[PDB]
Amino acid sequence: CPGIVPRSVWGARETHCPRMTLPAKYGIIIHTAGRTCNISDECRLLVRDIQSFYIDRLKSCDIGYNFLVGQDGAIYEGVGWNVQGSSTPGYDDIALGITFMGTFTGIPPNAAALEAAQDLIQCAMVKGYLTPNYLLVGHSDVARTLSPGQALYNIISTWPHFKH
């Protein structure tokens, strides 16, 4: 889909992890709970630091998110559409993880970011990447976490195909 800066432009380290079978029946909104980014050259560096945390500290195969969102109106590829993520035990092989870079427990993402996210989700089902009757959900609905924050959680609660 349009508007996504690929793994080669931001300098992702190379890996080889379990493949994902489409279409995915679930959609998962997550937040990093860390610092955020506003200019391009700055976000590419933020995406670099996160993948390295997942590989070096958590001992995971790769960044645990399918896609990420920068406060710069752009979308950055994590593991992509064709690889499973690792943030929700038991839903990983049938879901797509989308997380905004930053801490949005009290403050939500800017307009340009939320727009970037919805356009991505709509482009997903229009192309069969997401089942025709998929289920959008909050990270907290199927995991031992507070993510993706109350503020951002109430926003997506109104979006299409949410479960509840």
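In case it trips you up, residue 1 is the first one in the sequence shown, and so on.
Here 111-119 and 63-71 are compared by their mean Cα B-factor, and 111-119 comes out higher. A summary of the deposited B-factors shows that, of 140-148 and 11-19, the stretch with the larger mean C-alpha value is 140-148. Per the deposited coordinates, the residue with the largest Cα temperature factor out of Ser52, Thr32, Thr105, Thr36 is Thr105. The PDB entry gives the largest Cα B-factor of the residues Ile98, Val126, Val47, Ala95 to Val126.
Looking at the C-alpha B-factors along this chain, the one for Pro6 belongs to the lowest third.
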